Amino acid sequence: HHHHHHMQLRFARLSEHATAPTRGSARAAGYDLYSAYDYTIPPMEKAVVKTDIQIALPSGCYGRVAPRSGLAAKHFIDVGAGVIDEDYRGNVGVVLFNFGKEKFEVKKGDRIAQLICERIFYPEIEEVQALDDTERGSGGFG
């Protein structure tokens, strides 16, 4: 209209322990997220890792916390939960799963996940009596 600009990923540090999120290349899908504390995760266990950052996502997306590739392939690390709502203003947490047979050590400053700005719709929901058939139909689960 009057103003012509690009939306930014806004963040604020909640402590001196946080690291500003980084992007490897100009077209990496995600911003790197860093642990603010030390964690020791035993075999077949989980931990909630605090980043000590609050974020304000641009309109029309949510923030998906996604796994690092190397951590999954080499160490059997996975990311649980992962849905950061557009209107969340709290401390960003990463839920890490250790499926390996050895303990996994997280140190303050380690890169442990990535944040992706996934574009979504926010549709209104409408109940109907019945839906119409497609070629796929009710065919599911292999």
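What we label the rigid core is the largest C-alpha set whose atoms superpose within 1.5 Å from one form to the other. A residue's number is simply how far along the shown sequence it sits, counting from 1.
Legend entry - Which of 43-51 and 23-31 strays further in 6 other deposited structures of this protein - Cα RMS after rigid core alignment: The more displaced stretch in 6 other deposited structures of this protein turns out to be 23-31.
Legend entry - Greater mean Cα temperature factor according to the PDB record, 24-32 or 66-74: Per the PDB entry, the higher value belongs to 24-32.
Inset, instruction - Determine, for stretches 15-23 and 118-126, which one has the higher mean CA B-factor as deposited. - result: Higher mean C-alpha B-factor in the PDB entry: 15-23.
Inset, instruction - Determine, from the deposited record, the chain-internal third of the Cα B-factor for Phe104: lowest, middle or highest. - result: As the PDB entry reports it, the C-alpha B-factor of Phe104 lands in the highest third of its chain.
Inset, instruction - Determine, from the deposited record, the chain-internal third of the Cα B-factor for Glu45: lowest, middle or highest. - result: Highest third, going by the recorded CA B-factors of the chain.
Inset, instruction - Among all modelled residues of this chain, ranked by Cα B factor, put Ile112 in the bottom, middle or top third, i.e. lowest, middle or highest. - result: Highest third.
Inset, instruction - Place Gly90 in the lowest, middle or highest third of its chain's C-alpha B-factors, as listed in the PDB entry. - result: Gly90: CA B-factor falls in the highest third of its chain.
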